[PDB]
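Here is structure_39.cif, consisting of mmCIF, N, CA and C atoms and all ligand atoms:
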data_run
#
loop_
_atom_site.group_PDB
_atom_site.id
_atom_site.type_symbol
_atom_site.label_atom_id
_atom_site.label_comp_id
_atom_site.auth_asym_id
_atom_site.auth_seq_id
_atom_site.Cartn_x
_atom_site.Cartn_y
_atom_site.Cartn_z
ATOM 1 N N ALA J 1 1.701 -7.423 -15.987
ATOM 2 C CA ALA J 1 0.875 -6.509 -15.149
ATOM 3 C C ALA J 1 0.873 -5.128 -15.787
ATOM 4 N N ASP J 2 1.651 -4.996 -16.849
ATOM 5 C CA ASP J 2 1.773 -3.729 -17.555
ATOM 6 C C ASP J 2 0.427 -3.317 -18.156
ATOM 7 N N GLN J 3 -0.302 -4.286 -18.705
ATOM 8 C CA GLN J 3 -1.606 -4.006 -19.308
ATOM 9 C C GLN J 3 -2.697 -3.964 -18.237
ATOM 10 N N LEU J 4 -3.560 -2.951 -18.308
ATOM 11 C CA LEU J 4 -4.638 -2.798 -17.332
ATOM 12 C C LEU J 4 -5.747 -3.821 -17.583
ATOM 13 N N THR J 5 -6.556 -4.081 -16.555
ATOM 14 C CA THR J 5 -7.656 -5.031 -16.672
ATOM 15 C C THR J 5 -8.519 -5.004 -15.405
ATOM 16 N N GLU J 6 -9.636 -5.723 -15.436
ATOM 17 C CA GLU J 6 -10.531 -5.773 -14.287
ATOM 18 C C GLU J 6 -9.745 -6.114 -13.023
ATOM 19 N N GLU J 7 -9.025 -7.220 -13.060
ATOM 20 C CA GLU J 7 -8.253 -7.638 -11.908
ATOM 21 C C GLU J 7 -7.510 -6.438 -11.315
ATOM 22 N N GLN J 8 -6.704 -5.774 -12.136
ATOM 23 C CA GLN J 8 -5.893 -4.654 -11.675
ATOM 24 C C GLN J 8 -6.674 -3.674 -10.801
ATOM 25 N N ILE J 9 -7.738 -3.087 -11.338
ATOM 26 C CA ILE J 9 -8.498 -2.121 -10.556
ATOM 27 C C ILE J 9 -8.991 -2.757 -9.257
ATOM 28 N N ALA J 10 -9.593 -3.929 -9.357
ATOM 29 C CA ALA J 10 -10.094 -4.613 -8.179
ATOM 30 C C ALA J 10 -8.953 -4.856 -7.199
ATOM 31 N N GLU J 11 -7.780 -5.148 -7.744
ATOM 32 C CA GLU J 11 -6.604 -5.413 -6.930
ATOM 33 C C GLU J 11 -6.225 -4.187 -6.101
ATOM 34 N N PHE J 12 -6.225 -3.017 -6.735
ATOM 35 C CA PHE J 12 -5.885 -1.785 -6.039
ATOM 36 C C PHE J 12 -6.886 -1.515 -4.911
ATOM 37 N N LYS J 13 -8.169 -1.696 -5.205
ATOM 38 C CA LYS J 13 -9.206 -1.460 -4.218
ATOM 39 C C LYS J 13 -9.026 -2.400 -3.029
ATOM 40 N N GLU J 14 -8.806 -3.679 -3.313
ATOM 41 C CA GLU J 14 -8.609 -4.655 -2.250
ATOM 42 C C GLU J 14 -7.447 -4.242 -1.356
ATOM 43 N N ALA J 15 -6.281 -4.035 -1.957
ATOM 44 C CA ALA J 15 -5.103 -3.642 -1.196
ATOM 45 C C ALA J 15 -5.382 -2.370 -0.402
ATOM 46 N N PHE J 16 -6.022 -1.408 -1.053
ATOM 47 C CA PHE J 16 -6.358 -0.153 -0.397
ATOM 48 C C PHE J 16 -7.219 -0.400 0.843
ATOM 49 N N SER J 17 -8.280 -1.167 0.666
ATOM 50 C CA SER J 17 -9.189 -1.465 1.761
ATOM 51 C C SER J 17 -8.447 -2.109 2.924
ATOM 52 N N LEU J 18 -7.455 -2.938 2.614
ATOM 53 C CA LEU J 18 -6.692 -3.608 3.666
ATOM 54 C C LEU J 18 -5.890 -2.610 4.497
ATOM 55 N N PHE J 19 -5.253 -1.656 3.828
ATOM 56 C CA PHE J 19 -4.443 -0.667 4.534
ATOM 57 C C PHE J 19 -5.305 0.280 5.362
ATOM 58 N N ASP J 20 -6.333 0.856 4.751
ATOM 59 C CA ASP J 20 -7.201 1.783 5.470
ATOM 60 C C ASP J 20 -7.862 1.089 6.664
ATOM 61 N N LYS J 21 -7.104 0.925 7.751
ATOM 62 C CA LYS J 21 -7.647 0.264 8.941
ATOM 63 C C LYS J 21 -8.784 1.085 9.532
ATOM 64 N N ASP J 22 -8.520 2.358 9.794
ATOM 65 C CA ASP J 22 -9.534 3.220 10.381
ATOM 66 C C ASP J 22 -10.728 3.330 9.444
ATOM 67 N N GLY J 23 -10.515 2.961 8.184
ATOM 68 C CA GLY J 23 -11.584 2.994 7.197
ATOM 69 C C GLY J 23 -12.106 4.409 6.970
ATOM 70 N N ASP J 24 -11.200 5.387 6.903
ATOM 71 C CA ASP J 24 -11.614 6.777 6.684
ATOM 72 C C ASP J 24 -11.601 7.124 5.192
ATOM 73 N N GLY J 25 -11.130 6.186 4.368
ATOM 74 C CA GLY J 25 -11.066 6.392 2.917
ATOM 75 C C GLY J 25 -9.652 6.762 2.475
ATOM 76 N N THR J 26 -8.729 6.816 3.433
ATOM 77 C CA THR J 26 -7.338 7.158 3.141
ATOM 78 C C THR J 26 -6.401 6.284 3.964
ATOM 79 N N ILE J 27 -5.142 6.196 3.530
ATOM 80 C CA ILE J 27 -4.146 5.401 4.244
ATOM 81 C C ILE J 27 -3.168 6.333 4.943
ATOM 82 N N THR J 28 -2.743 5.959 6.149
ATOM 83 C CA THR J 28 -1.815 6.787 6.926
ATOM 84 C C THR J 28 -0.581 5.989 7.333
ATOM 85 N N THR J 29 0.456 6.709 7.741
ATOM 86 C CA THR J 29 1.708 6.082 8.143
ATOM 87 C C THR J 29 1.463 5.054 9.241
ATOM 88 N N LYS J 30 0.661 5.440 10.225
ATOM 89 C CA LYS J 30 0.344 4.555 11.339
ATOM 90 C C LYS J 30 -0.472 3.357 10.865
ATOM 91 N N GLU J 31 -1.438 3.608 9.986
ATOM 92 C CA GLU J 31 -2.273 2.532 9.462
ATOM 93 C C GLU J 31 -1.404 1.477 8.785
ATOM 94 N N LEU J 32 -0.651 1.901 7.776
ATOM 95 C CA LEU J 32 0.232 0.988 7.060
ATOM 96 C C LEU J 32 1.293 0.420 7.987
ATOM 97 N N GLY J 33 1.936 1.297 8.746
ATOM 98 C CA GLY J 33 2.983 0.861 9.660
ATOM 99 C C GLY J 33 2.502 -0.325 10.477
ATOM 100 N N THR J 34 1.276 -0.229 10.980
ATOM 101 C CA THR J 34 0.712 -1.307 11.776
ATOM 102 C C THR J 34 0.638 -2.579 10.945
ATOM 103 N N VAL J 35 0.126 -2.466 9.719
ATOM 104 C CA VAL J 35 0.011 -3.617 8.837
ATOM 105 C C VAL J 35 1.380 -4.222 8.559
ATOM 106 N N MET J 36 2.368 -3.365 8.348
ATOM 107 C CA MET J 36 3.723 -3.842 8.082
ATOM 108 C C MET J 36 4.302 -4.576 9.296
ATOM 109 N N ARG J 37 4.015 -4.067 10.493
ATOM 110 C CA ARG J 37 4.528 -4.689 11.716
ATOM 111 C C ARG J 37 3.792 -5.997 12.019
ATOM 112 N N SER J 38 2.463 -5.940 12.014
ATOM 113 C CA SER J 38 1.653 -7.122 12.307
ATOM 114 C C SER J 38 2.052 -8.290 11.412
ATOM 115 N N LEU J 39 2.476 -7.975 10.194
ATOM 116 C CA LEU J 39 2.885 -9.005 9.245
ATOM 117 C C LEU J 39 4.248 -9.588 9.613
ATOM 118 N N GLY J 40 4.998 -8.873 10.450
ATOM 119 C CA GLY J 40 6.306 -9.350 10.897
ATOM 120 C C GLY J 40 7.418 -8.904 9.962
ATOM 121 N N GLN J 41 7.133 -7.893 9.149
ATOM 122 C CA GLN J 41 8.118 -7.370 8.203
ATOM 123 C C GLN J 41 8.742 -6.077 8.722
ATOM 124 N N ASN J 42 9.760 -5.588 8.006
ATOM 125 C CA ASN J 42 10.471 -4.372 8.400
ATOM 126 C C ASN J 42 9.512 -3.341 9.021
ATOM 127 N N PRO J 43 9.477 -3.220 10.336
ATOM 128 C CA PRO J 43 8.568 -2.259 11.024
ATOM 129 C C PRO J 43 9.088 -0.825 10.958
ATOM 130 N N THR J 44 10.007 -0.580 10.032
ATOM 131 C CA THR J 44 10.587 0.749 9.869
ATOM 132 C C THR J 44 9.510 1.780 9.524
ATOM 133 N N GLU J 45 8.680 2.098 10.509
ATOM 134 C CA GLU J 45 7.619 3.080 10.329
ATOM 135 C C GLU J 45 8.208 4.449 9.996
ATOM 136 N N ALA J 46 9.516 4.573 10.163
ATOM 137 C CA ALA J 46 10.198 5.826 9.853
ATOM 138 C C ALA J 46 10.403 5.970 8.348
ATOM 139 N N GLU J 47 10.808 4.878 7.712
ATOM 140 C CA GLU J 47 11.046 4.878 6.275
ATOM 141 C C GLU J 47 9.770 5.271 5.544
ATOM 142 N N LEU J 48 8.652 4.683 5.964
ATOM 143 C CA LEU J 48 7.369 4.986 5.344
ATOM 144 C C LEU J 48 7.011 6.451 5.573
ATOM 145 N N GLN J 49 7.046 6.875 6.834
ATOM 146 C CA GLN J 49 6.704 8.258 7.166
ATOM 147 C C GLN J 49 7.423 9.225 6.231
ATOM 148 N N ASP J 50 8.664 8.901 5.905
ATOM 149 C CA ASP J 50 9.453 9.740 5.015
ATOM 150 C C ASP J 50 9.003 9.582 3.562
ATOM 151 N N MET J 51 8.716 8.343 3.159
ATOM 152 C CA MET J 51 8.285 8.078 1.788
ATOM 153 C C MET J 51 6.917 8.696 1.512
ATOM 154 N N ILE J 52 5.991 8.532 2.456
ATOM 155 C CA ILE J 52 4.649 9.081 2.298
ATOM 156 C C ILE J 52 4.724 10.604 2.231
ATOM 157 N N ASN J 53 5.539 11.184 3.101
ATOM 158 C CA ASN J 53 5.700 12.629 3.139
ATOM 159 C C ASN J 53 6.069 13.170 1.757
ATOM 160 N N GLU J 54 6.569 12.295 0.886
ATOM 161 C CA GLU J 54 6.965 12.706 -0.465
ATOM 162 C C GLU J 54 5.826 12.516 -1.468
ATOM 163 N N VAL J 55 5.367 11.276 -1.628
ATOM 164 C CA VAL J 55 4.294 10.982 -2.579
ATOM 165 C C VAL J 55 2.988 11.681 -2.198
ATOM 166 N N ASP J 56 2.845 12.050 -0.928
ATOM 167 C CA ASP J 56 1.625 12.721 -0.475
ATOM 168 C C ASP J 56 1.301 13.915 -1.374
ATOM 169 N N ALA J 57 0.235 13.778 -2.165
ATOM 170 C CA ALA J 57 -0.176 14.836 -3.087
ATOM 171 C C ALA J 57 -0.640 16.094 -2.350
ATOM 172 N N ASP J 58 -1.547 15.927 -1.390
ATOM 173 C CA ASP J 58 -2.069 17.067 -0.633
ATOM 174 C C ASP J 58 -1.119 17.471 0.490
ATOM 175 N N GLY J 59 -0.222 16.566 0.866
ATOM 176 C CA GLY J 59 0.718 16.844 1.946
ATOM 177 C C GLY J 59 0.033 16.642 3.295
ATOM 178 N N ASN J 60 -1.065 15.894 3.270
ATOM 179 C CA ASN J 60 -1.839 15.614 4.471
ATOM 180 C C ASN J 60 -1.200 14.480 5.260
ATOM 181 N N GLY J 61 -0.218 13.829 4.646
ATOM 182 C CA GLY J 61 0.475 12.722 5.288
ATOM 183 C C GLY J 61 -0.280 11.413 5.080
ATOM 184 N N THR J 62 -1.153 11.386 4.071
ATOM 185 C CA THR J 62 -1.933 10.188 3.769
ATOM 186 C C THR J 62 -1.892 9.881 2.276
ATOM 187 N N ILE J 63 -2.129 8.614 1.927
ATOM 188 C CA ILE J 63 -2.130 8.192 0.522
ATOM 189 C C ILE J 63 -3.554 7.921 0.052
ATOM 190 N N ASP J 64 -3.961 8.628 -0.996
ATOM 191 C CA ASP J 64 -5.308 8.482 -1.536
ATOM 192 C C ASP J 64 -5.406 7.271 -2.468
ATOM 193 N N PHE J 65 -6.635 6.947 -2.861
ATOM 194 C CA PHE J 65 -6.895 5.818 -3.755
ATOM 195 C C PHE J 65 -6.047 5.882 -5.042
ATOM 196 N N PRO J 66 -6.061 6.984 -5.777
ATOM 197 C CA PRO J 66 -5.289 7.096 -7.059
ATOM 198 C C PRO J 66 -3.786 6.867 -6.888
ATOM 199 N N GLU J 67 -3.196 7.534 -5.906
ATOM 200 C CA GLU J 67 -1.761 7.416 -5.673
ATOM 201 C C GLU J 67 -1.345 5.961 -5.527
ATOM 202 N N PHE J 68 -2.027 5.244 -4.647
ATOM 203 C CA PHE J 68 -1.708 3.841 -4.423
ATOM 204 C C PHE J 68 -1.831 3.052 -5.726
ATOM 205 N N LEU J 69 -2.943 3.265 -6.419
ATOM 206 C CA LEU J 69 -3.198 2.590 -7.684
ATOM 207 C C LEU J 69 -2.101 2.908 -8.694
ATOM 208 N N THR J 70 -1.473 4.068 -8.542
ATOM 209 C CA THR J 70 -0.409 4.481 -9.455
ATOM 210 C C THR J 70 0.956 3.934 -9.027
ATOM 211 N N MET J 71 1.447 4.406 -7.881
ATOM 212 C CA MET J 71 2.754 3.982 -7.380
ATOM 213 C C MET J 71 2.909 2.467 -7.403
ATOM 214 N N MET J 72 1.793 1.745 -7.475
ATOM 215 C CA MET J 72 1.853 0.284 -7.518
ATOM 216 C C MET J 72 2.004 -0.215 -8.959
ATOM 217 N N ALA J 73 1.549 0.599 -9.911
ATOM 218 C CA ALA J 73 1.600 0.239 -11.330
ATOM 219 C C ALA J 73 2.880 0.736 -11.996
ATOM 220 N N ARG J 74 3.798 1.267 -11.204
ATOM 221 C CA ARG J 74 5.049 1.779 -11.748
ATOM 222 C C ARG J 74 5.798 0.690 -12.508
ATOM 223 N N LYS J 75 6.152 -0.395 -11.817
ATOM 224 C CA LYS J 75 6.878 -1.502 -12.450
ATOM 225 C C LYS J 75 6.216 -2.835 -12.099
ATOM 226 N N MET J 76 7.036 -3.867 -11.917
ATOM 227 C CA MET J 76 6.527 -5.190 -11.586
ATOM 228 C C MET J 76 5.762 -5.769 -12.776
ATOM 229 N N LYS J 77 6.499 -6.090 -13.837
ATOM 230 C CA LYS J 77 5.892 -6.649 -15.041
ATOM 231 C C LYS J 77 4.615 -5.892 -15.402
ATOM 232 N N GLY K 1 19.172 4.925 -1.852
ATOM 233 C CA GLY K 1 18.683 4.933 -3.260
ATOM 234 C C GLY K 1 17.253 4.400 -3.306
ATOM 235 N N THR K 2 17.059 3.280 -3.999
ATOM 236 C CA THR K 2 15.730 2.684 -4.108
ATOM 237 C C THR K 2 15.411 1.860 -2.864
ATOM 238 N N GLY K 3 14.140 1.494 -2.716
ATOM 239 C CA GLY K 3 13.699 0.704 -1.569
ATOM 240 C C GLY K 3 12.224 0.966 -1.279
ATOM 241 N N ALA K 4 11.752 2.131 -1.707
ATOM 242 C CA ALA K 4 10.364 2.526 -1.491
ATOM 243 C C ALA K 4 9.388 1.586 -2.206
ATOM 244 N N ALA K 5 9.664 1.292 -3.474
ATOM 245 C CA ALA K 5 8.788 0.415 -4.252
ATOM 246 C C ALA K 5 8.786 -0.998 -3.681
ATOM 247 N N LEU K 6 9.955 -1.461 -3.256
ATOM 248 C CA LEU K 6 10.079 -2.799 -2.689
ATOM 249 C C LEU K 6 9.249 -2.915 -1.417
ATOM 250 N N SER K 7 9.323 -1.886 -0.581
ATOM 251 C CA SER K 7 8.580 -1.875 0.671
ATOM 252 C C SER K 7 7.084 -1.937 0.396
ATOM 253 N N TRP K 8 6.649 -1.170 -0.595
ATOM 254 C CA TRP K 8 5.239 -1.136 -0.963
ATOM 255 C C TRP K 8 4.792 -2.505 -1.481
ATOM 256 N N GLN K 9 5.576 -3.079 -2.386
ATOM 257 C CA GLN K 9 5.244 -4.381 -2.958
ATOM 258 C C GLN K 9 5.324 -5.489 -1.910
ATOM 259 N N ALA K 10 6.335 -5.426 -1.049
ATOM 260 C CA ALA K 10 6.509 -6.443 -0.017
ATOM 261 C C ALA K 10 5.320 -6.462 0.942
ATOM 262 N N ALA K 11 4.838 -5.281 1.313
ATOM 263 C CA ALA K 11 3.706 -5.184 2.229
ATOM 264 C C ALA K 11 2.440 -5.746 1.586
ATOM 265 N N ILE K 12 2.247 -5.440 0.308
ATOM 266 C CA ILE K 12 1.076 -5.919 -0.419
ATOM 267 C C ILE K 12 1.093 -7.441 -0.523
ATOM 268 N N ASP K 13 2.261 -7.991 -0.837
ATOM 269 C CA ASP K 13 2.403 -9.434 -0.976
ATOM 270 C C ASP K 13 2.107 -10.131 0.351
ATOM 271 N N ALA K 14 2.667 -9.601 1.433
ATOM 272 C CA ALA K 14 2.449 -10.180 2.753
ATOM 273 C C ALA K 14 1.001 -9.977 3.194
ATOM 274 N N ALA K 15 0.447 -8.812 2.869
ATOM 275 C CA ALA K 15 -0.931 -8.505 3.231
ATOM 276 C C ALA K 15 -1.878 -9.527 2.611
ATOM 277 N N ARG K 16 -1.699 -9.771 1.320
ATOM 278 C CA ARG K 16 -2.532 -10.730 0.614
ATOM 279 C C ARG K 16 -2.301 -12.138 1.151
ATOM 280 N N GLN K 17 -1.056 -12.437 1.504
ATOM 281 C CA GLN K 17 -0.727 -13.755 2.030
ATOM 282 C C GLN K 17 -1.603 -14.055 3.242
ATOM 283 N N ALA K 18 -1.719 -13.075 4.132
ATOM 284 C CA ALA K 18 -2.542 -13.234 5.323
ATOM 285 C C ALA K 18 -4.012 -13.353 4.935
ATOM 286 N N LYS K 19 -4.412 -12.597 3.914
ATOM 287 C CA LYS K 19 -5.795 -12.624 3.455
ATOM 288 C C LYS K 19 -6.175 -14.020 2.973
ATOM 289 N N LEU K 20 -5.308 -14.614 2.163
ATOM 290 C CA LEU K 20 -5.565 -15.943 1.626
ATOM 291 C C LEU K 20 -5.635 -16.976 2.746
ATOM 292 N N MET K 21 -4.718 -16.878 3.702
ATOM 293 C CA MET K 21 -4.689 -17.813 4.822
ATOM 294 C C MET K 21 -5.908 -17.624 5.725
ATOM 295 N N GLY K 22 -6.326 -16.373 5.905
ATOM 296 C CA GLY K 22 -7.487 -16.076 6.739
ATOM 297 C C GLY K 22 -7.126 -16.037 8.224
ATOM 298 N N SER K 23 -5.847 -15.827 8.523
ATOM 299 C CA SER K 23 -5.401 -15.772 9.913
ATOM 300 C C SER K 23 -5.824 -14.456 10.564
ATOM 301 N N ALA K 24 -5.826 -14.434 11.895
ATOM 302 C CA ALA K 24 -6.209 -13.234 12.632
ATOM 303 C C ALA K 24 -7.621 -12.798 12.256
HETATM 304 CA CA CA B 101 -6.496 7.453 6.992
HETATM 305 CA CA CA B 102 -2.601 12.893 -0.387
#
Before we go any further, please render this structure as structure tokens.
Amino acid sequence: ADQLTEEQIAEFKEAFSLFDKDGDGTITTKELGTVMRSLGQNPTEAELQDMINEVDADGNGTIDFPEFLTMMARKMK
Amino acid sequence: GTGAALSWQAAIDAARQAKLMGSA
């Protein structure tokens, strides 16, 4: 996954679209938190709120398209 | 320490899992 490709970009967009529930073009703690809970996984909406508060470039408390596409390409083969 | 990346990846994996299944 280290090398970029069509799949990769499309992958980021897909994942992004899934999180942006309100569909405002950005992801929020509540938006993701809901997705994390509905899935039945760690509903620690607190952990995210804290993590987002950090990666948040504008400090708006939301994750933009680029950030997600980046923080996801950090590792994982 | 770490855990942020895992949470992000775990959510994506589960999110897609639901997408493939087509549930809800
Ligand atoms: Ca939003
Ligand atoms: Ca931001």
When the PyMOL selection byres ((chain K) within 8 of (chain J)) is applied to the structure above, which residues does it catch, written out as a PDB file with N, CA and C atoms, in the coordinates of the input?
ATOM      1  N   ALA K   4      11.752   2.131  -1.707  1.00  0.00           N
ATOM      2  CA  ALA K   4      10.364   2.526  -1.491  1.00  0.00           C
ATOM      3  C   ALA K   4       9.388   1.586  -2.206  1.00  0.00           C
ATOM      4  N   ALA K   5       9.664   1.292  -3.474  1.00  0.00           N
ATOM      5  CA  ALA K   5       8.788   0.415  -4.252  1.00  0.00           C
ATOM      6  C   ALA K   5       8.786  -0.998  -3.681  1.00  0.00           C
ATOM      7  N   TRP K   8       6.649  -1.170  -0.595  1.00  0.00           N
ATOM      8  CA  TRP K   8       5.239  -1.136  -0.963  1.00  0.00           C
ATOM      9  C   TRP K   8       4.792  -2.505  -1.481  1.00  0.00           C
ATOM     10  N   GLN K   9       5.576  -3.079  -2.386  1.00  0.00           N
ATOM     11  CA  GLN K   9       5.244  -4.381  -2.958  1.00  0.00           C
ATOM     12  C   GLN K   9       5.324  -5.489  -1.910  1.00  0.00           C
ATOM     13  N   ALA K  10       6.335  -5.426  -1.049  1.00  0.00           N
ATOM     14  CA  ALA K  10       6.509  -6.443  -0.017  1.00  0.00           C
ATOM     15  C   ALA K  10       5.320  -6.462   0.942  1.00  0.00           C
ATOM     16  N   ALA K  11       4.838  -5.281   1.313  1.00  0.00           N
ATOM     17  CA  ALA K  11       3.706  -5.184   2.229  1.00  0.00           C
ATOM     18  C   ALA K  11       2.440  -5.746   1.586  1.00  0.00           C
ATOM     19  N   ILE K  12       2.247  -5.440   0.308  1.00  0.00           N
ATOM     20  CA  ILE K  12       1.076  -5.919  -0.419  1.00  0.00           C
ATOM     21  C   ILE K  12       1.093  -7.441  -0.523  1.00  0.00           C
ATOM     22  N   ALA K  14       2.667  -9.601   1.433  1.00  0.00           N
ATOM     23  CA  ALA K  14       2.449 -10.180   2.753  1.00  0.00           C
ATOM     24  C   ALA K  14       1.001  -9.977   3.194  1.00  0.00           C
ATOM     25  N   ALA K  15       0.447  -8.812   2.869  1.00  0.00           N
ATOM     26  CA  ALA K  15      -0.931  -8.505   3.231  1.00  0.00           C
ATOM     27  C   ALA K  15      -1.878  -9.527   2.611  1.00  0.00           C
ATOM     28  N   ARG K  16      -1.699  -9.771   1.320  1.00  0.00           N
ATOM     29  CA  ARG K  16      -2.532 -10.730   0.614  1.00  0.00           C
ATOM     30  C   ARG K  16      -2.301 -12.138   1.151  1.00  0.00           C
ATOM     31  N   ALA K  18      -1.719 -13.075   4.132  1.00  0.00           N
ATOM     32  CA  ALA K  18      -2.542 -13.234   5.323  1.00  0.00           C
ATOM     33  C   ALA K  18      -4.012 -13.353   4.935  1.00  0.00           C
TER      34      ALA K  18
END
Taking the file as shown, what set of residues would the PyMOL selection byres (((not hetatm)) within 5 of (chain B and resi 101)) give back, as a short mmCIF file (atom, residue, chain, number, x, y, z; two decimals) with N, CA and C atoms, in the frame of the given file?
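Printed below is expr14.cif as written:
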data_model
loop_
_atom_site.label_atom_id
_atom_site.label_comp_id
_atom_site.auth_asym_id
_atom_site.auth_seq_id
_atom_site.Cartn_x
_atom_site.Cartn_y
_atom_site.Cartn_z
N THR J 26 -8.73 6.82 3.43
CA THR J 26 -7.34 7.16 3.14
C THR J 26 -6.40 6.28 3.96
N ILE J 27 -5.14 6.20 3.53
CA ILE J 27 -4.15 5.40 4.24
C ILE J 27 -3.17 6.33 4.94
N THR J 28 -2.74 5.96 6.15
CA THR J 28 -1.82 6.79 6.93
C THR J 28 -0.58 5.99 7.33
#
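The residues caught by the PyMOL selection byres (((not hetatm) and name CA) within 7 of (chain B and resi 102)) in this file are residues 56, 57, 58, 59, 60, 61, 62, 63 and 64 of chain J.
You will find CA of residue 66 in chain J at 15.8 Å from CA of residue 7 in chain J.
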One-decimal distance in Å that lies between atom N of residue 24 in chain K and CA of residue 45 in chain J |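 CA of residue 45 in chain J sits 22.1 Å away from atom N of residue 24 in chain K.
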Separating atom C of residue 65 in chain J from atom N of residue 13 in chain J, to the nearest tenth of an Å, is a gap of 7.9 Å
Please return the centre and edge lengths, in Å to one decimal, of a box with edges along x, y and z that contains all listed atoms of range 3-22 of chain K, widened by 4 Å on every side, as JSON.
{"center_x": 3.3, "center_y": -7.6, "center_z": 2.0, "size_x": 29.6, "size_y": 28.3, "size_z": 20.5}
Members of chain K assigned helix (DSSP H, G or I) by DSSP, as a list in words = residues 4, 5, 6, 7, 8, 9, 10, 11, 12, 13, 14, 15, 16, 17, 18, 19, 20 and 21 of chain K
Pull the strand (DSSP E) assignments for chain J out of DSSP run on the backbone, and list those residues as a ChimeraX atom specification.
-> /J:27-28,62-63
Some atoms are missing, so please complete range 4-15 of chain K with N, CA, C and O atoms and return it as an mmCIF file, in the frame of the given file.
data_model
loop_
_atom_site.group_PDB
_atom_site.id
_atom_site.type_symbol
_atom_site.label_atom_id
_atom_site.label_comp_id
_atom_site.auth_asym_id
_atom_site.auth_seq_id
_atom_site.Cartn_x
_atom_site.Cartn_y
_atom_site.Cartn_z
ATOM 1 N N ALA K 4 11.752 2.131 -1.707
ATOM 2 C CA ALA K 4 10.364 2.526 -1.491
ATOM 3 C C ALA K 4 9.388 1.586 -2.206
ATOM 4 O O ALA K 4 8.398 1.144 -1.619
ATOM 5 N N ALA K 5 9.664 1.292 -3.474
ATOM 6 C CA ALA K 5 8.788 0.415 -4.252
ATOM 7 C C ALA K 5 8.786 -0.998 -3.681
ATOM 8 O O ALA K 5 7.744 -1.655 -3.628
ATOM 9 N N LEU K 6 9.955 -1.461 -3.256
ATOM 10 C CA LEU K 6 10.079 -2.799 -2.689
ATOM 11 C C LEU K 6 9.249 -2.915 -1.417
ATOM 12 O O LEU K 6 8.564 -3.913 -1.197
ATOM 13 N N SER K 7 9.323 -1.886 -0.581
ATOM 14 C CA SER K 7 8.580 -1.875 0.671
ATOM 15 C C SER K 7 7.084 -1.937 0.396
ATOM 16 O O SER K 7 6.346 -2.660 1.065
ATOM 17 N N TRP K 8 6.649 -1.170 -0.595
ATOM 18 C CA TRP K 8 5.239 -1.136 -0.963
ATOM 19 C C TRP K 8 4.792 -2.505 -1.481
ATOM 20 O O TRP K 8 3.752 -3.021 -1.074
ATOM 21 N N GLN K 9 5.576 -3.079 -2.386
ATOM 22 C CA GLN K 9 5.244 -4.381 -2.958
ATOM 23 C C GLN K 9 5.324 -5.489 -1.910
ATOM 24 O O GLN K 9 4.487 -6.392 -1.889
ATOM 25 N N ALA K 10 6.335 -5.426 -1.049
ATOM 26 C CA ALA K 10 6.509 -6.443 -0.017
ATOM 27 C C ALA K 10 5.320 -6.462 0.942
ATOM 28 O O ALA K 10 4.852 -7.530 1.339
ATOM 29 N N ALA K 11 4.838 -5.281 1.313
ATOM 30 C CA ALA K 11 3.706 -5.184 2.229
ATOM 31 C C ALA K 11 2.440 -5.746 1.586
ATOM 32 O O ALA K 11 1.658 -6.441 2.237
ATOM 33 N N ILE K 12 2.247 -5.440 0.308
ATOM 34 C CA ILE K 12 1.076 -5.919 -0.419
ATOM 35 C C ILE K 12 1.093 -7.441 -0.523
ATOM 36 O O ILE K 12 0.071 -8.098 -0.334
ATOM 37 N N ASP K 13 2.261 -7.991 -0.837
ATOM 38 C CA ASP K 13 2.403 -9.434 -0.976
ATOM 39 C C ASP K 13 2.107 -10.131 0.351
ATOM 40 O O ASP K 13 1.382 -11.126 0.390
ATOM 41 N N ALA K 14 2.667 -9.601 1.433
ATOM 42 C CA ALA K 14 2.449 -10.180 2.753
ATOM 43 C C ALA K 14 1.001 -9.977 3.194
ATOM 44 O O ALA K 14 0.398 -10.857 3.811
ATOM 45 N N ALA K 15 0.447 -8.812 2.869
ATOM 46 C CA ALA K 15 -0.931 -8.505 3.231
ATOM 47 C C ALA K 15 -1.878 -9.527 2.611
ATOM 48 O O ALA K 15 -2.742 -10.086 3.291
#
